[PDB]
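K.L.:
Below are the structure tokens for one structure; questions will follow.
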Amino acid sequence: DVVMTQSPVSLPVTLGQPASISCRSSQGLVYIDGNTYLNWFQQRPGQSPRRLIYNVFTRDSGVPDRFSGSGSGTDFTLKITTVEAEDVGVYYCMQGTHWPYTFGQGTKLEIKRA
Amino acid sequence: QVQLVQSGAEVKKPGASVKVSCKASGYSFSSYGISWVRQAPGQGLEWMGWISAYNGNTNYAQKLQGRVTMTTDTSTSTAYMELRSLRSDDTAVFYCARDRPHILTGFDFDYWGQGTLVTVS
Amino acid sequence: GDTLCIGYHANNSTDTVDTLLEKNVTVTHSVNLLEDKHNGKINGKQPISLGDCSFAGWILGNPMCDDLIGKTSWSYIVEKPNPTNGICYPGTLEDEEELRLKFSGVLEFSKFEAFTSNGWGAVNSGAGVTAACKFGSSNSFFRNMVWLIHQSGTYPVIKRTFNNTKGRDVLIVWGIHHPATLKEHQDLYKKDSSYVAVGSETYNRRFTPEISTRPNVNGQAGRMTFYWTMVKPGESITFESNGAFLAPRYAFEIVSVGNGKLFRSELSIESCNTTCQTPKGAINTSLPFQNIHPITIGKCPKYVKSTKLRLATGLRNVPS
Amino acid sequence: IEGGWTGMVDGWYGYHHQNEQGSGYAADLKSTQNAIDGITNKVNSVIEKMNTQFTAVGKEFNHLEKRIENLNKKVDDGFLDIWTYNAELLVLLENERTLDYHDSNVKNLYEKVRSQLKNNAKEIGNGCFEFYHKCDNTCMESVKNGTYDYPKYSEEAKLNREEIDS
């Protein structure tokens with residue numbers, strides 16, 4: 001079984017202040033193809049989720065250059081420069097390469113911490 | 001292009017079977033797969049299950065094993081979730097998403113569904 | 001009748017892997033574990049070049065380093081393997097090799113005057129220049145220190161103190177002169193033996209000149225042993241001497257610390273480095289291990305003499 | 001089993017049936033599955049618990065008696081040699097383990113089908129089994145899921161089998 005821990009559950013981010021979200025896995029998330037698998041995705045209140053990162057370093061075609069996905073091994077992060085308005089919402093880890101794959105907990109954003 | 005149409009909102013009592021449907025249009029049905037996820041009120045759950053149009057095959061979540069039955073109609077490019085033995089805890093908002101059909105390829109959730117509310121009490 | 005057969009998968013991938021017995025086994029699927037991509041030689045952060053000067057030339061104030069002057073912050077300093085400017089007046093630098101490790105951890109400093117050259121008392125500061133450290137055609141000396149000599153036939157006991165009110169670490173440098181003969185000592189310091197007493201809140205040393213006529217390097221038979229220390233915030237260090245003393249005149253306040261290491265190559269300044277920046281370059285490809293260079297910077301895949309490290313993931317591809 | 005199937009793109013291991021209904025490929029996904037989890041776990045342990053590449057050595061005073069760093073220099077060079085060997089060797093070891101593992105999974109799937117079928121089918125030179133009876137898609141799927149009913153077809157298979165030898 002996989003355990004996706006997200007340390008930063010709550011994130012009050014002043015508009016325009018790059019912040020990061022950390023997913024930590026119990027085991028490694030590499031695969032036969034050689035491509036580590038976690039695909040970050042975001043959800044808006046009452047709106048179906050939409051992904052942002054492919055594997056560890058591919059941006060969805062519909063993703064502004066602000067949304068940057070990093071990480072290697074078991075600890076992984078997602079940093080968004082100059083956090084805008086619609087960027088607020090709930091975020092989630094993604095499938096571990098192990099079929100019992102785990103979204104994890106959720107992480108929420110705020111408009112302005114000041 | 002991106003057309004993943006879920007079924008309408010559904011209201012039932014505990015212990016009755018539930019059936020959710022997800023339509024899809026375009027050339028996005030190349031016998032590709034479809035997975036379904038659970039979202040409890042306020043907090044989401046992990047995946048519910050997945051099925052391959054190319055090779056009839058279903059992977060179900062744990063401790064649901066015994067109630068979750070999933071199908072695909074390739075002729076209408078439609079997937080179906082069916083949960084038997086409904087629970088009040090099972091009351092939640094479901095969702096559909098794309099997936100790759102053979103295991104030689106991995107996974108891709110490029111599209112999403114309109115959402116289907118399911119209330120059980 | 002009817003026939004049900006059991007079989008495995010064949011594709012087209014010919015990527016081959018090698019096994020403990022057989023080799024070049026064409027597998028259906030394989031990962032490359034060895035990062036061996038195109039080194040490929042504003043952006044992120046910008047680095048600096050020590051030019052024809054060495055790290056010693058870059059910090060000692062070798063007159064010809066007047067080109068280097070003007071580089072306060074950097075991402076990865078660049079040194080040439082055999083620079084023209086090291087220690088023009090022959091000598092050694094005590095702990096230069098852990099100070100370069102310190103600078104593997106330094107991204108910006110601020111150079112300031114800690115002791116005025118003329119404020120050392122009745123002592124000649126306007127003298128003490130050598131042809132070994134000539135600036136241009138004119139002779140000169142290291143700019144970060146001053147070579148004090150007697151004033152009017154007398155070189156008294158001088159004493160000054162610096163207090164690090166900056167709130168940050170201060171790198172301070174000085175040196176002791178080891179004359180070739182006793183006459184050089186008498187002509188420069190108007191006495192027969194001298195001492196250099198350096199004492200801080202934690203530092204404590206007394207040095208004495210070692211007089212002997214070493215073989216000539218850059219035309220000089222004498223030597224100089226330069227020393228450096230870190231004056232921590234709040235420490236008041238005191239220098240005391242009556243001869244053979246290369247006075248500190250400039251110190252470096254470490255302004256920013258990070259992980260900018262150094263190398264000895266001659267490639268053009270290369271910025272926008274990846275997780276691992278190497279002399280050959282910095283490739284984004286993140287295969288567990290790399291093999292471009294043994295001397296790397298940042299979180300780096302381990303260097304390995306291998307030329308191919310392909311791990312078999314699929315099965316033996318044999319089509320038809 | 002001589003060759004592989006480009007047509008079976010459903011997994012590493014599986015079946016190709018050919019009956020009255022027709023012929024088709026379909027991978028055995030439980031075994032394919034256990035193999036994928038096993039090779040994934042193997043790769044994860046290889047990569048994660050690989051080695052501590054980072055030179056955590058403090059090197060407070062390094063070496064320096066000899067002009068150039070003497071002890072830590074050759075220590076680092078020797079450590080380089082240590083894994084340069086260990087990694088090459090580990091690649092080989094685990095790759096032949098993976099190939100023998102795939103071979104063993106194939107062998108086991110075949111033996112399961114054999115233990116189900118027994119007399120009601122004939123073994124063929126390569127990986128294939130020819131039924132002594134008509135095996136429709138229901139019978140095929142019964143073989144695959146492991147629920148093949150021998151007494152159901154045993155009489156038909158008896159008659160045919162004893163007929164081909166005149």
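Letters for chains follow the order of the structure tokens (A, B, ...), residue numbers begin at 1 for each chain, and ligand numbers begin at 1 in the order shown.
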Based on the backbone DSSP call, show me all residues of range 46-114 of chain A assigned strand (DSSP E), as an NGL selection string.
P.N.:
:A and (50-51 or 53-54 or 58-59 or 67-69 or 75-80 or 90-92 or 106-110)
K.L.:
Which residues of chain D are close to chain C, meaning at most 8 Å apart when you count only C-alpha atoms, and how do they look as a PyMOL selection string?
P.N.:
chain D and resi 1+3-9+11-20+39+47+53-54+60-62+80+83-84+88-89+91-96+98-99+102+106+109-110+127-135+140
K.L.:
For a quick test of understanding: name the residues of chain B lying within 6 Å of chain D when counting only C-alpha atoms, and present them as a PyMOL selection string.
P.N.:
chain B and resi 102-104
K.L.:
Could you turn the residues from that selection into a file that holds C-alpha atoms, as a PDB file, in the first residue's frame?
P.N.:
ATOM      1  CA  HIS B 102      -3.720  -1.709 -21.927  1.00  0.00           C
ATOM      2  CA  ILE B 103      -1.147  -2.154 -19.206  1.00  0.00           C
ATOM      3  CA  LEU B 104       1.634  -1.799 -21.753  1.00  0.00           C
TER       4      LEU B 104
END
K.L.:
Set the distance at 10 Å and use only C-alpha atoms: which residues neighbour range 69-73 of chain D once local chain neighbours fewer than 4 positions away are removed? I'd like the list as a list in words.
P.N.:
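Residues meeting the cut-off are residues 97 of chain C; 57, 59, 62, 63, 64, 65, 77 and 78 of chain D.
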K.L.:
Neighbouring residues of residue 8 in chain B were defined as those with any atom within 10 Å, considering only C-alpha atoms; residues of the same chain fewer than 4 positions away were excluded. Please report them as an mmCIF file with N, CA, C and O atoms, in the first residue's frame.
P.N.:
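So the final result, stored in out-v1.cif, reads:
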data_model
loop_
_atom_site.group_PDB
_atom_site.id
_atom_site.type_symbol
_atom_site.label_atom_id
_atom_site.label_comp_id
_atom_site.auth_asym_id
_atom_site.auth_seq_id
_atom_site.Cartn_x
_atom_site.Cartn_y
_atom_site.Cartn_z
ATOM 1 N N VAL B 20 -24.357 4.613 -12.460
ATOM 2 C CA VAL B 20 -23.893 5.881 -13.013
ATOM 3 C C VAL B 20 -23.315 5.618 -14.396
ATOM 4 O O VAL B 20 -22.678 4.583 -14.629
ATOM 5 N N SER B 21 -23.518 6.564 -15.309
ATOM 6 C CA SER B 21 -23.115 6.408 -16.696
ATOM 7 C C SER B 21 -22.274 7.599 -17.121
ATOM 8 O O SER B 21 -22.551 8.738 -16.735
ATOM 9 N N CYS B 22 -21.248 7.331 -17.919
ATOM 10 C CA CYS B 22 -20.381 8.375 -18.459
ATOM 11 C C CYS B 22 -20.229 8.157 -19.962
ATOM 12 O O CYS B 22 -19.636 7.171 -20.406
ATOM 13 N N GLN B 114 -18.723 15.553 -15.668
ATOM 14 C CA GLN B 114 -19.531 16.642 -15.134
ATOM 15 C C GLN B 114 -19.878 16.451 -13.666
ATOM 16 O O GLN B 114 -20.424 17.376 -13.058
ATOM 17 N N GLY B 115 -19.595 15.290 -13.086
ATOM 18 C CA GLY B 115 -19.966 15.059 -11.708
ATOM 19 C C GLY B 115 -21.369 14.508 -11.578
ATOM 20 O O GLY B 115 -22.289 14.943 -12.277
ATOM 21 N N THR B 116 -21.546 13.536 -10.693
ATOM 22 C CA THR B 116 -22.864 12.972 -10.436
ATOM 23 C C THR B 116 -23.004 12.852 -8.924
ATOM 24 O O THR B 116 -22.222 12.147 -8.278
ATOM 25 N N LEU B 117 -23.952 13.599 -8.362
ATOM 26 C CA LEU B 117 -24.243 13.516 -6.938
ATOM 27 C C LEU B 117 -24.970 12.218 -6.636
ATOM 28 O O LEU B 117 -25.932 11.861 -7.326
ATOM 29 N N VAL B 118 -24.562 11.520 -5.579
ATOM 30 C CA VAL B 118 -25.299 10.339 -5.167
ATOM 31 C C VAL B 118 -25.576 10.445 -3.680
ATOM 32 O O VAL B 118 -24.637 10.490 -2.869
#
